[PDB]
């Protein structure tokens, strides 16, 4: 389930962001989750969240707010669990932007563009990864 988290998470985020499917997003997503670990609490959180995103993929959830409505149907536990992972993604970006740049083959300035899109997406309730993937799509093309 821990390994499956980035498969379900990326698949939903790509669907809700509307960007074309591409292997770069799953690759970055696995890199981010591994930065989180390098804690068993995050392992437990990713395993539990993996089923939440799996069920969202199996429902007619096509917008970020349809996902938020789904989380609130799931309960306050699901809402807060995703919010915690969202802010964890932000901390990982803001924590080692130099490694992210070398990993994606971009400059530090372009990593700051990803940080800005992610933080903006969080404040508008869309989660961090929608901003990351949309910005990454624009950077590569």
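Residue numbers count along the first chain shown, from 1.
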{"query": "Residue 38-residue 39 interval: deposited residues absent from the model", "finding": "4 to 9"}
{"query": "Higher-B stretch (mean Cα B-factor, as the entry records it), 40-48 or 101-109", "finding": "40-48"}
{"query": "Stretch with the higher entry mean CA B-factor, where the candidates are 83-91 and 29-37", "finding": "29-37"}
{"query": "Residue selected from 126, 15, 119, 24 by maximal Cα B factor", "finding": "24"}
{"query": "Residue 63 by Cα B-factor - lowest, middle or highest third of the modelled chain", "finding": "middle"}
